[PDB]
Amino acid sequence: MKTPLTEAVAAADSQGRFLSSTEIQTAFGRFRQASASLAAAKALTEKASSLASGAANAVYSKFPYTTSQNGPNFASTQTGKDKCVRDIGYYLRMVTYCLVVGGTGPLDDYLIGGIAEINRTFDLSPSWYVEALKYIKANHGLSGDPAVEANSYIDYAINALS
């Protein structure tokens, strides 16, 4: 999984080397950032139920067809609505993981790799998720470093969708 520490270890191993001050200065950068990361992880998690439900509602307002059009890919049924907020809660849960490890590894590994195939097969529009993710960023209530680095991961997801 991609984290600052597994990146540093991989670079040294790729060159058959022991670690040097280079890789130690990466650990130092990660450990000093980890307070804001972890304080942000705790905050999102406390709000997670309410952001996910608010983000689903924000999509359903931007795109009212998703609640009125017929077909299993839409939220016009109870199952569809359940599936939708479940999905958004997965994005949010991945972003908290990313905070905990300090990098995009949980997103890449669990969510991003494959998602195009899924979206096309099940006819789910990327634009629905980019909307949900712009809500989350506008409403998570973080500030300072915590917010800058949580937004980093949210914008990474957005750019994978666009």
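Don't overthink the numbering: it's just position in the shown sequence, from 1.
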property	result
36-44 versus 99-107 - which carries the larger mean C-alpha B factor in the record	36-44
Per the entry, higher mean C-alpha B factor between 10-18 and 150-158	10-18
Residue with maximal Cα B-factor (values as given in the PDB entry) among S50, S61, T26, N119	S61
Cα B factor band for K134 (lowest, middle or highest third within the chain)	middle
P126, C-alpha B-factor rank within chain (lowest, middle or highest third)	lowest
Within-chain third of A56 by Cα B-factor, per the entry	middle
Lowest, middle or highest third - CA B-factor, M94	lowest
